[PDB]
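A.B. asks: One structure coming up, written as structure tokens, with questions to follow.
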Amino acid sequence: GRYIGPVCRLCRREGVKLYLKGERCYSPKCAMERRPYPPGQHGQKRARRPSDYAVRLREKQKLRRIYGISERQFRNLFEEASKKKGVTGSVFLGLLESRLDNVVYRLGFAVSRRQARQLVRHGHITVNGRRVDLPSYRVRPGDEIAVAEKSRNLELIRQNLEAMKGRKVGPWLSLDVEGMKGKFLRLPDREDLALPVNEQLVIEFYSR
Amino acid sequence: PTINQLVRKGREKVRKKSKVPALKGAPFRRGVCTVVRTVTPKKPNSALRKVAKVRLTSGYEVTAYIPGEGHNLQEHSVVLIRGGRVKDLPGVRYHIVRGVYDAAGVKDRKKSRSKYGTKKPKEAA
Amino acid sequence: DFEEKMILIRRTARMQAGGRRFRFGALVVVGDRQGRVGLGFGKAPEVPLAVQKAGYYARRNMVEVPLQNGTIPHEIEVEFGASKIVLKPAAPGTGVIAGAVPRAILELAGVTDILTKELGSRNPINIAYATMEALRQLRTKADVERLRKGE
Amino acid sequence: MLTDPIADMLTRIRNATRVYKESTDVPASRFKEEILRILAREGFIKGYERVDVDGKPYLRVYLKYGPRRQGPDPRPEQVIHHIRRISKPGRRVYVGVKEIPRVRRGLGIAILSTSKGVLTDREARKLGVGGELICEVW
Amino acid sequence: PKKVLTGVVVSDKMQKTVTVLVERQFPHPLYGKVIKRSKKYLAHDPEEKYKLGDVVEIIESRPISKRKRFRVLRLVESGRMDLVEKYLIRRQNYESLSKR
RNA sequence: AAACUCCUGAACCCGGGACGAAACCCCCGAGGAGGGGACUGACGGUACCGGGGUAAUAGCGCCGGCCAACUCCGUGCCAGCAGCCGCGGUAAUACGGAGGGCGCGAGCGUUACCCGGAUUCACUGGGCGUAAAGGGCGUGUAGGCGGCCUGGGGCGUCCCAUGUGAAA
RNA sequence: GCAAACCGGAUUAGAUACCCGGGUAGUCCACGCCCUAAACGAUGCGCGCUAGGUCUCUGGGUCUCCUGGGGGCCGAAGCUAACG
RNA sequence: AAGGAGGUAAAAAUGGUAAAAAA
């Protein structure tokens, strides 16, 4: 399954924080600021010399871990990325970010990955009409992420929509706090969502 | 070899030999066996290692080993001809499995349960 | 603001009349990240000595780097006797796909899309040397126009 | 003797190139004339003419050099970097249209003789006519 | 069409029929260089009109007998004493390679 | 992380419910084109649509370098891991156990088989002074390939057209 | 004359060996038969190209020099992992 | 007399002693 459990134990593992869990892992620690650094009996015991290849692998992980999914399907869609045409790396990033779950999250409906993917597989999202479960659903330019009719009268859905009003969506993230929808616009870039990751690392790595 | 000679002759393909004639496409076999003994690896060991002679279901008296401590095996076991020599017993080829028809691993093992027998250490607590 | 990017360490003993005396060899590569590099091996009793002195030889053994977007402008089959470094052009996004010293040196040149294959003796010393002379044998459109104009 | 006065020429070229000696000679032929034609014709050699030695017609070729830099010895760089005889009298290469190399992927030159005369990479591909692949040069 | 081919005449010796060494050639599908290759065919000569060399263009026709295939429609030339000599020289070098 | 919290709601209950199937057929026209009516579900009441609703399986290899990850007792060249190099000969980071962590996760290891790396039968892409290698040397058969100049030929070679190269 | 094998001698712990005394096969003459090797420049053969300084042997020219062919060494460039 | 190189003569009474190993 998709790990879950001791999550922002990952936050500390990289050396960089990752919201991942909203609210708290976004508050005065993503398990961070309290005691941030890779976990374990070791951890804060003199960092070493991870080979170029090692921090390369780590970059790969890091990336898949901020993208709350399996490194399995991370890899799979990477294959799909170098498969078709496009600027391998940045396009790969985009292809990740185009997935239904993070779209629902960054839209604001969710307060980070785990919650988001739960909601998404809970079919609460209707794109151009149909409620889709299928979390690894990448939409298309000319589509739109909506919420279900009964999912308008919903608790922390409302709480989200409340603590969101004013939080500007992405340039390709169209918001709709009125029609309760979210237009999937253009095709974003590393400048739209810059995550502490290098593209060419993951590429060079995966493409051994 | 000047193109000509290269064309007239040929640069032959390496071929193999299979350093592992488990044969038939059968590296999994019914290890009947005979004897046990000990034997030693070079100048820095001394142990056990069986000899399991096996007969497969095709032939050969081999040197079937074992996956280590915790033995019974007596004389049948269906020692599952497997594969892999070392600096020990001039053979170590076609290993045993534990589980098979016999052995089923170390009395209490906590790791290599992928051959060393023991199911799922449910201490029921 | 270069970069002392150490490659590795060698340990060389000479058989003392009453023992054996090792010495450190510091294989170092120095860059800048945008397009200048230099190579140096350190020769000294204790590690840091060798590291620094090496870094310093890398400092004076310099060479420029012609970048287009982030790749080579051609294809070179360079051979420092033993080793044989070979570079071939690649499109953006490809990444720095290279060996150990190849990608190290070249990321101290800061390449971005280079297909590299390394043949023959993979001995890190002559690998470094062959590499350094491969980029020290880097022709471009400009250099072409110099001589291929005719003096 | 000789099996390739062409490749032998190319070799004597490589001599003068690698030895830095302004000019060098190589016997009478129309084809060498075509080649050296191409050679000057892309700023590489310094020229050619139908000369003679002892009573035997030859074809002398002067050649190009770069600037004299300091530091690591005075040795100036070469202009005619390297040429390789591709279609040997055992490997009779016969390139066509969609074939054809790219030589140093972008610069260099291919020398190739086609249906009509002696062409070059860019030329022969532009022409749309092909044949034997003589040497490579960059 | 019906494939034809030229070729150097060998052996008038059969009654009202001759043999003809045909030649083809081709490069190497992986090793460049063209290769010369021999391949004799049945030259069909109803009115025995070819002899020891007679290069003719030979015609693949309806089967005539055992391996009896090909024929002739037209001639090229005569007295190929040279190429035919090389043929017999090969046969000699054959009669000079014993295992006993 | 757990416990405590609120939320959602797999599995599961009730209800409705398929596309998969319109032709063949009789009939008006002529038995033709057209036009009409009627038959036809194995799966299975499964897909799926609506509503009711419970937090509700977690493993497998590794942690000596290659190859990313260490601390603690025991064991004492014994028991033993081991693809390679080896690791242990009473303070083992490599065995065995325990906390932690690397990876992978409904899969993980193991062997077998094949291609690669192996440019390690080298065409791209190797070599014969001493690591593997000149045949002790001269003769020449075929074969292999061949100097300058003109013109024919258009076999090799190049180009455009073109048949076929099904489907997948 | 010489000399494996073979014997004496001296030597050593041993001497079927090196050192000494004899002595045979064989080393010579012709025909034949075997065909081996560190047959070693351990570098195939044919040509053309790319610094010169030198010792020397033969061929040509009035010749303190040049030039064809070879035979020792050195050392440009280059090559090689290194000696070279 | 400098070196290096190219071919001729010189020069050992006798020696058995091992070994898993320690860095």
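Just remember, in the structure tokens the first chain shown is A, the second B, etc., residues are 1-based per chain, and ligands are 1-based in the order shown.
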As number ranges by chain, please: the residues near region 10-15 of chain H (cut-off 12 Å, only C-alpha atoms (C1' of nucleotides), same-chain neighbours under 4 positions excluded).

C.D. replies: G: 11-13

A.B. asks: The selected residues should be written to file as a PDB file, in the first residue's frame (atoms: N, CA, C and O atoms (P, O5', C5', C4', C3', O3' and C1' of nucleotides)).

C.D. replies:
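Final file, selection.pdb:
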ATOM      1  P     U G  11      89.025 -36.984  -0.898  1.00  0.00           P
ATOM      2  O5'   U G  11      87.823 -36.055  -1.375  1.00  0.00           O
ATOM      3  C5'   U G  11      88.032 -34.675  -1.636  1.00  0.00           C
ATOM      4  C4'   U G  11      86.808 -34.029  -2.236  1.00  0.00           C
ATOM      5  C3'   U G  11      85.551 -34.056  -1.383  1.00  0.00           C
ATOM      6  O3'   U G  11      85.550 -33.043  -0.393  1.00  0.00           O
ATOM      7  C1'   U G  11      85.019 -34.657  -3.611  1.00  0.00           C
ATOM      8  P     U G  12      85.569 -33.413   1.171  1.00  0.00           P
ATOM      9  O5'   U G  12      84.080 -33.872   1.480  1.00  0.00           O
ATOM     10  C5'   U G  12      83.151 -32.941   2.008  1.00  0.00           C
ATOM     11  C4'   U G  12      81.759 -33.187   1.493  1.00  0.00           C
ATOM     12  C3'   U G  12      80.918 -34.160   2.297  1.00  0.00           C
ATOM     13  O3'   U G  12      80.372 -33.590   3.474  1.00  0.00           O
ATOM     14  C1'   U G  12      80.714 -34.662   0.007  1.00  0.00           C
ATOM     15  P     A G  13      80.529 -34.352   4.879  1.00  0.00           P
ATOM     16  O5'   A G  13      80.139 -35.856   4.535  1.00  0.00           O
ATOM     17  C5'   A G  13      79.795 -36.778   5.556  1.00  0.00           C
ATOM     18  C4'   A G  13      78.474 -37.443   5.259  1.00  0.00           C
ATOM     19  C3'   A G  13      78.299 -37.958   3.836  1.00  0.00           C
ATOM     20  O3'   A G  13      78.838 -39.261   3.683  1.00  0.00           O
ATOM     21  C1'   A G  13      76.363 -36.743   4.522  1.00  0.00           C
TER      22        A G  13
END

A.B. asks: Name the residues in contact with residue 42 (chain B) at a cut-off of 12 Å, using only C-alpha atoms (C1' of nucleotides), excluding same-chain residues fewer than 3 positions from it; report them as a PyMOL selection string.

C.D. replies: (chain B and resi 39+45-47+86-90) or (chain F and resi 77+86) or (chain H and resi 20)

A.B. asks: Write out the residues from the selection above, keeping N, CA, C and O atoms (P, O5', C5', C4', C3', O3' and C1' of nucleotides), as a PDB file, in the first residue's frame.

C.D. replies:
ATOM      1  N   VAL B  39      34.070 -31.571   5.934  1.00  0.00           N
ATOM      2  CA  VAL B  39      34.931 -30.891   4.945  1.00  0.00           C
ATOM      3  C   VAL B  39      35.312 -29.437   5.330  1.00  0.00           C
ATOM      4  O   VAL B  39      34.661 -28.813   6.176  1.00  0.00           O
ATOM      5  N   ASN B  45      38.750 -22.169   7.428  1.00  0.00           N
ATOM      6  CA  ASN B  45      37.517 -22.683   8.045  1.00  0.00           C
ATOM      7  C   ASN B  45      37.514 -24.186   8.378  1.00  0.00           C
ATOM      8  O   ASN B  45      38.558 -24.842   8.336  1.00  0.00           O
ATOM      9  N   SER B  46      36.319 -24.689   8.716  1.00  0.00           N
ATOM     10  CA  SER B  46      36.026 -26.104   9.005  1.00  0.00           C
ATOM     11  C   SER B  46      34.573 -26.202   9.491  1.00  0.00           C
ATOM     12  O   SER B  46      34.219 -25.551  10.470  1.00  0.00           O
ATOM     13  N   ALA B  47      33.729 -27.000   8.829  1.00  0.00           N
ATOM     14  CA  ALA B  47      32.304 -27.056   9.212  1.00  0.00           C
ATOM     15  C   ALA B  47      31.533 -28.377   8.977  1.00  0.00           C
ATOM     16  O   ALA B  47      31.764 -29.362   9.673  1.00  0.00           O
ATOM     17  N   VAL B  86      31.168 -21.980  -3.432  1.00  0.00           N
ATOM     18  CA  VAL B  86      32.034 -21.050  -2.704  1.00  0.00           C
ATOM     19  C   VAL B  86      33.425 -21.670  -2.560  1.00  0.00           C
ATOM     20  O   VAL B  86      33.726 -22.671  -3.202  1.00  0.00           O
ATOM     21  N   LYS B  87      34.270 -21.087  -1.712  1.00  0.00           N
ATOM     22  CA  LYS B  87      35.610 -21.631  -1.479  1.00  0.00           C
ATOM     23  C   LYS B  87      35.587 -22.860  -0.582  1.00  0.00           C
ATOM     24  O   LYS B  87      36.632 -23.408  -0.233  1.00  0.00           O
ATOM     25  N   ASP B  88      34.388 -23.277  -0.199  1.00  0.00           N
ATOM     26  CA  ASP B  88      34.204 -24.453   0.633  1.00  0.00           C
ATOM     27  C   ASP B  88      33.953 -25.651  -0.275  1.00  0.00           C
ATOM     28  O   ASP B  88      33.954 -25.487  -1.492  1.00  0.00           O
ATOM     29  N   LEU B  89      33.766 -26.833   0.321  1.00  0.00           N
ATOM     30  CA  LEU B  89      33.493 -28.104  -0.384  1.00  0.00           C
ATOM     31  C   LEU B  89      33.553 -28.078  -1.923  1.00  0.00           C
ATOM     32  O   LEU B  89      32.630 -27.585  -2.565  1.00  0.00           O
ATOM     33  N   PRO B  90      34.645 -28.602  -2.518  1.00  0.00           N
ATOM     34  CA  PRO B  90      34.889 -28.575  -3.973  1.00  0.00           C
ATOM     35  C   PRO B  90      33.658 -28.917  -4.813  1.00  0.00           C
ATOM     36  O   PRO B  90      33.654 -29.903  -5.556  1.00  0.00           O
TER      37      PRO B  90
ATOM     38  P     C F  77      37.020 -21.299  17.948  1.00  0.00           P
ATOM     39  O5'   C F  77      36.505 -21.398  16.444  1.00  0.00           O
ATOM     40  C5'   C F  77      36.881 -20.435  15.464  1.00  0.00           C
ATOM     41  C4'   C F  77      37.114 -21.100  14.134  1.00  0.00           C
ATOM     42  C3'   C F  77      38.357 -21.991  14.071  1.00  0.00           C
ATOM     43  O3'   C F  77      38.063 -23.177  13.334  1.00  0.00           O
ATOM     44  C1'   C F  77      38.448 -20.367  12.355  1.00  0.00           C
ATOM     45  P     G F  86      40.486 -12.167  -1.037  1.00  0.00           P
ATOM     46  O5'   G F  86      39.321 -12.574  -0.033  1.00  0.00           O
ATOM     47  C5'   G F  86      39.450 -12.341   1.362  1.00  0.00           C
ATOM     48  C4'   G F  86      38.187 -11.753   1.928  1.00  0.00           C
ATOM     49  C3'   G F  86      37.984 -11.905   3.425  1.00  0.00           C
ATOM     50  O3'   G F  86      38.694 -10.963   4.207  1.00  0.00           O
ATOM     51  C1'   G F  86      36.039 -12.598   2.324  1.00  0.00           C
TER      52        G F  86
ATOM     53  P     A H  20      51.667 -22.306   6.261  1.00  0.00           P
ATOM     54  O5'   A H  20      50.130 -22.002   6.537  1.00  0.00           O
ATOM     55  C5'   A H  20      49.723 -20.715   6.966  1.00  0.00           C
ATOM     56  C4'   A H  20      48.737 -20.784   8.104  1.00  0.00           C
ATOM     57  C3'   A H  20      48.191 -19.448   8.577  1.00  0.00           C
ATOM     58  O3'   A H  20      47.138 -18.970   7.760  1.00  0.00           O
ATOM     59  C1'   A H  20      48.852 -20.732  10.445  1.00  0.00           C
TER      60        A H  20
END

A.B. asks: Got a sec: who's within 7 Å of residue 158 (chain F), counting only C-alpha atoms (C1' of nucleotides), leaving out chain neighbours fewer than 3 positions off, as a PyMOL selection string?

C.D. replies: chain D and resi 96+114-115+129-131

A.B. asks: Take the selection from the previous step and output its residues with N, CA and C atoms, as a short mmCIF file (atom, residue, chain, number, x, y, z; two decimals), in the first residue's frame.

C.D. replies:
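In the end it all went to part33.cif:
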data_model
loop_
_atom_site.label_atom_id
_atom_site.label_comp_id
_atom_site.auth_asym_id
_atom_site.auth_seq_id
_atom_site.Cartn_x
_atom_site.Cartn_y
_atom_site.Cartn_z
N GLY D 96 24.13 6.92 -49.96
CA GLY D 96 23.12 7.53 -50.81
C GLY D 96 22.51 8.72 -50.09
N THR D 114 29.90 10.98 -56.44
CA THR D 114 28.56 10.59 -56.84
C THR D 114 28.39 10.64 -58.35
N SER D 115 27.30 10.03 -58.82
CA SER D 115 26.80 10.11 -60.20
C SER D 115 27.36 11.27 -61.02
N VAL D 129 22.13 13.45 -54.68
CA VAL D 129 22.82 12.40 -55.42
C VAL D 129 24.01 11.88 -54.62
N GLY D 130 24.25 10.57 -54.69
CA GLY D 130 25.26 9.94 -53.87
C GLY D 130 26.16 8.96 -54.59
N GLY D 131 27.05 8.33 -53.82
CA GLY D 131 28.00 7.38 -54.37
C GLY D 131 28.95 6.83 -53.32
#

A.B. asks: Write down as a VMD selection string the residues of region 88-151 of chain C whose backbone DSSP state falls under alpha helix (DSSP H).

C.D. replies: chain C and resid 100 to 107 124 to 135 141 to 147

A.B. asks: Pull the closest atom pair for each residue of chain F that gets at most 12 Å from chain C, along with the distance in Å to one decimal, counting only C-alpha atoms (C1' of nucleotides), ordering rows by chain and then ascending residue number, as CSV.

C.D. replies:
residue,atom,partner,partner_atom,distance
F:117,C1',C:119,CA,12.0
F:118,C1',C:119,CA,11.8
F:119,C1',C:119,CA,7.2
F:120,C1',C:120,CA,11.8
F:125,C1',C:119,CA,10.5
F:126,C1',C:120,CA,10.4

A.B. asks: Take the residues from that selection and write them out as a PDB file, in the first residue's frame, keeping N, CA and C atoms (P, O5', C5', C4', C3', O3' and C1' of nucleotides).

C.D. replies:
ATOM      1  P     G F 117      27.607  -4.627 -24.359  1.00  0.00           P
ATOM      2  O5'   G F 117      28.361  -4.219 -23.015  1.00  0.00           O
ATOM      3  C5'   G F 117      28.222  -2.908 -22.485  1.00  0.00           C
ATOM      4  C4'   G F 117      28.312  -2.886 -20.977  1.00  0.00           C
ATOM      5  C3'   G F 117      29.622  -3.362 -20.373  1.00  0.00           C
ATOM      6  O3'   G F 117      30.639  -2.382 -20.414  1.00  0.00           O
ATOM      7  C1'   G F 117      27.823  -4.338 -19.199  1.00  0.00           C
ATOM      8  P     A F 118      32.152  -2.812 -20.721  1.00  0.00           P
ATOM      9  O5'   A F 118      32.007  -4.186 -21.509  1.00  0.00           O
ATOM     10  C5'   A F 118      33.070  -4.664 -22.324  1.00  0.00           C
ATOM     11  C4'   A F 118      32.651  -5.839 -23.172  1.00  0.00           C
ATOM     12  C3'   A F 118      31.190  -5.854 -23.623  1.00  0.00           C
ATOM     13  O3'   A F 118      31.102  -6.362 -24.955  1.00  0.00           O
ATOM     14  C1'   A F 118      31.678  -7.827 -22.396  1.00  0.00           C
ATOM     15  P     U F 119      30.909  -5.355 -26.195  1.00  0.00           P
ATOM     16  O5'   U F 119      32.386  -4.909 -26.579  1.00  0.00           O
ATOM     17  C5'   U F 119      33.486  -5.803 -26.479  1.00  0.00           C
ATOM     18  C4'   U F 119      34.784  -5.054 -26.609  1.00  0.00           C
ATOM     19  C3'   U F 119      35.268  -4.393 -25.323  1.00  0.00           C
ATOM     20  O3'   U F 119      36.695  -4.394 -25.289  1.00  0.00           O
ATOM     21  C1'   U F 119      34.848  -2.730 -26.957  1.00  0.00           C
ATOM     22  P     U F 120      37.471  -5.331 -24.234  1.00  0.00           P
ATOM     23  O5'   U F 120      36.782  -6.764 -24.392  1.00  0.00           O
ATOM     24  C5'   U F 120      37.368  -7.768 -25.222  1.00  0.00           C
ATOM     25  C4'   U F 120      36.731  -9.132 -25.053  1.00  0.00           C
ATOM     26  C3'   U F 120      35.231  -9.209 -25.338  1.00  0.00           C
ATOM     27  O3'   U F 120      34.903 -10.427 -26.006  1.00  0.00           O
ATOM     28  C1'   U F 120      35.671  -9.928 -23.117  1.00  0.00           C
ATOM     29  P     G F 125      34.548   2.843 -33.281  1.00  0.00           P
ATOM     30  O5'   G F 125      35.661   1.733 -33.528  1.00  0.00           O
ATOM     31  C5'   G F 125      36.633   1.438 -32.531  1.00  0.00           C
ATOM     32  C4'   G F 125      36.813  -0.050 -32.350  1.00  0.00           C
ATOM     33  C3'   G F 125      36.780  -0.877 -33.636  1.00  0.00           C
ATOM     34  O3'   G F 125      37.654  -1.997 -33.495  1.00  0.00           O
ATOM     35  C1'   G F 125      35.066  -1.603 -32.190  1.00  0.00           C
ATOM     36  P     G F 126      38.923  -2.185 -34.463  1.00  0.00           P
ATOM     37  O5'   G F 126      40.133  -2.425 -33.455  1.00  0.00           O
ATOM     38  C5'   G F 126      40.155  -1.791 -32.185  1.00  0.00           C
ATOM     39  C4'   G F 126      40.561  -2.745 -31.085  1.00  0.00           C
ATOM     40  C3'   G F 126      42.040  -3.083 -30.993  1.00  0.00           C
ATOM     41  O3'   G F 126      42.755  -2.070 -30.302  1.00  0.00           O
ATOM     42  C1'   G F 126      40.721  -5.059 -30.739  1.00  0.00           C
TER      43        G F 126
END

A.B. asks: What does the structure give for the distance between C1' of residue 141 (chain F) and CA of residue 93 (chain E), in Å to one decimal?

C.D. replies: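 Separation between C1' of residue 141 (chain F) and CA of residue 93 (chain E): 7.4 Å.
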
A.B. asks: Can you tell me how far CA of residue 36 (chain D) sits from CA of residue 135 (chain D), in Å to one decimal?

C.D. replies: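 Atom-to-atom, CA of residue 36 (chain D) and CA of residue 135 (chain D) are spaced 11.9 Å apart.
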
A.B. asks: What residues in chain G have any atom no more than 10 Å from chain C when counting only C-alpha atoms (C1' of nucleotides), and can you write them as a PyMOL selection string?

C.D. replies: chain G and resi 79-81

A.B. asks: So, with only C-alpha atoms (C1' of nucleotides) as the atoms that count, which of D:34, D:52, D:77, D:132 lies closest to chain F?

C.D. replies: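 Distance minimum relative to chain F lands on D:132.
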
A.B. asks: What are the residues of chain E lining chain B at 12 Å or less? Count only C-alpha atoms, and put the answer as a list in words.

C.D. replies: residues 27, 28, 29, 30, 31, 32, 33, 34, 35 and 36 of chain E

A.B. asks: Could you state the separation of CA of residue 76 (chain B) and CA of residue 60 (chain B) in Å, given to one decimal place?

C.D. replies: 15.4 Å

A.B. asks: Kindly provide the residues of chain A that approach chain F to within 6 Å, each paired with its closest atom pair and their distance in Å to one decimal, based on only C-alpha atoms (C1' of nucleotides), listed by chain and increasing number, as CSV.

C.D. replies:
residue,atom,partner,partner_atom,distance
A:6,CA,F:1,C1',5.7
A:40,CA,F:100,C1',5.4
A:41,CA,F:100,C1',5.3

A.B. asks: Per residue of chain D within 8 Å of chain C, record the nearest atom pair and its distance in Å to one decimal, counting only C-alpha atoms, with rows in chain order and ascending residue number, as CSV.

C.D. replies:
residue,atom,partner,partner_atom,distance
D:42,CA,C:148,CA,7.3
D:43,CA,C:148,CA,5.1
D:44,CA,C:148,CA,6.5
D:64,CA,C:150,CA,7.0
D:65,CA,C:147,CA,7.4
D:66,CA,C:147,CA,6.0
D:79,CA,C:147,CA,5.8
D:104,CA,C:74,CA,5.0
D:105,CA,C:74,CA,5.3
D:106,CA,C:74,CA,6.9
D:107,CA,C:141,CA,7.8

A.B. asks: How would the residues just picked look written out with C-alpha atoms as an mmCIF file, in the first residue's frame?

C.D. replies:
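Produced file part32.cif, reproduced below:
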data_model
loop_
_atom_site.group_PDB
_atom_site.id
_atom_site.type_symbol
_atom_site.label_atom_id
_atom_site.label_comp_id
_atom_site.auth_asym_id
_atom_site.auth_seq_id
_atom_site.Cartn_x
_atom_site.Cartn_y
_atom_site.Cartn_z
ATOM 1 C CA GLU D 42 36.302 24.964 -47.817
ATOM 2 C CA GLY D 43 39.305 26.852 -46.481
ATOM 3 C CA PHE D 44 41.660 23.984 -45.613
ATOM 4 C CA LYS D 64 47.046 26.047 -43.804
ATOM 5 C CA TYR D 65 48.241 26.793 -40.260
ATOM 6 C CA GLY D 66 46.991 28.706 -37.208
ATOM 7 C CA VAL D 79 43.867 23.727 -39.378
ATOM 8 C CA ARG D 104 31.638 16.107 -35.992
ATOM 9 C CA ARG D 105 27.825 16.455 -35.971
ATOM 10 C CA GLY D 106 27.571 19.904 -37.554
ATOM 11 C CA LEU D 107 30.939 21.112 -38.859
#
